[PDB]
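When reading the values below, keep in mind they use all heavy atoms of this one structure, side chains included, and skip hydrogens, waters and symmetry mates. Residue numbering restarts at 1 for every chain, and letters A, B, ... go by the order of the sequence lines.
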2 protein chains.
Amino acid sequence: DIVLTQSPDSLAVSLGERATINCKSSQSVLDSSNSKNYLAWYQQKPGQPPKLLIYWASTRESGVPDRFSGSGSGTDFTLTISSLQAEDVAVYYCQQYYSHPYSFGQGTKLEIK
Amino acid sequence: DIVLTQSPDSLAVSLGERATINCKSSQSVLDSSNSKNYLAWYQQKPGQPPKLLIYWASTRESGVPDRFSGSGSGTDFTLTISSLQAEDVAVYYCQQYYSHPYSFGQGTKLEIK
C-alpha cells in the first residue's frame, strides 16, 4: 500500500512570507495513461473538518484562495502558500487516491513565527 | 455548493452496542447516470490524519473492520458502527465529492458512556 510522508512536521513562517510543505509517496501516484497525479492537499483547523485545497496535485479547488498552489509529480509533491496570512495557520495534509487503500500523510503544522 | 449536515453532533455509547451517525446533503449526491452516491465516511483521532472508512456510500475500504457499514441514498446517509469498541472513539465525518467544491460535514464526536 502507498504511504505518504510529509516534511517538515511543523513550520514557523513570518507573516506575508512563503510557506512550503513537502509530501513524498512510497510509490508513484502518476497515472501514465492520463498524465494525472492522484494527490490532494487539505487544510484543517481545530474543531473543524478537513478542507480540500488542491487535487490532481496542482489543480486548485473552487473557492480556495489563489495564494495556495500545488506542484510536483510521481513521488514528490509540494504545497506552497505564496503569501502567508494569519488565517493560514493550521494543519496541512496530503492524500493519495491513486490506489486503495487511500491514505494521508501525517500532517504538517503551520504557525506564525 | 452542496452542504453536508451531520447528526448528532456528539454521542456517548456503551461498549458492544450500535452507534448511528446521520449525514444530510443539501442536494442529492446520487448520479442518475451510473447509480452511484458520491459520498464517503472518515474516522479521525486526535493528532492523526483522517482515515477513509466507506466510499460510494456503502463500499467499505480494505483494512476496515466489518463493524463499520454505510447506507442511504440521495440526500440521506447513515454510518452504523456495530459492536462498539473502545478504539472507535473518534470524530466521524461524511464527505461528498459529487460536485465542486467538494465538502465535509461538521463532524460527529463519538465517546464511550
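Inter-residue side-chain proximity for B:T80 and B:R67 is flagged as unmet; no heavy-atom pair is nearer than 4.5 Å. Side-chain contact between A:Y42 and B:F104: present, with at least one pair of heavy atoms (C-beta onward) separated by less than 4.5 Å. Using a 4.5 Å heavy-atom cutoff, the side chains of B:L39 and B:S25 are not in contact. Using a 4.5 Å heavy-atom cutoff, the side chains of B:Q43 and B:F68 are in contact. The closest side-chain heavy-atom distance from B:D9 to B:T108 is not below 4.5 Å. The side-chain heavy atoms of A:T75 and A:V29, taken from C-beta on, include no pair separated by under 4.5 Å.
Contact residues of residues 45-55 of chain B toward chain A are B:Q48, B:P49, B:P50, B:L52, B:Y55 (heavy-atom distance under 4.5 Å). Along residues 89-96 of chain B, the residues that come nearer than 4.5 angstrom to chain A, judged on non-hydrogen atoms, are B:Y93, B:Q95 in order of number.
Taking the six-membered ring for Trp and thresholds of 30 and 60 degrees, B:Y38 and B:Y98 have ring planes more than 60 degrees apart, a perpendicular arrangement.
Under the side chain to side chain donor-acceptor pair (under 3.5 Å) criterion, B:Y102 pairs with B:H100, not counting sequence neighbours.
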What pairs of donor and acceptor atoms, side-chain ones from residues 15-23 of chain B against any protein atom, are under 3.5 angstrom apart with sequence neighbours left out?
unit_1: B:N22; atom_1: ND2; unit_2: B:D76; atom_2: OD2; d: 3.0
unit_1: B:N22; atom_1: ND2; unit_2: B:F77; atom_2: O; d: 3.3

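Interface remark: B:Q106 contributes backbone atoms only to the contact with chain A (heavy atom separation under 4.5 Å).
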Exercise for review: Test A:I2 against A:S99 for side-chain contact (heavy atoms from CB on, under 4.5 Å), laying out the working first.
Suggested key: CA-CA 8 Å; A:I2 304 176; A:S99 62; 3.4 Å; yes
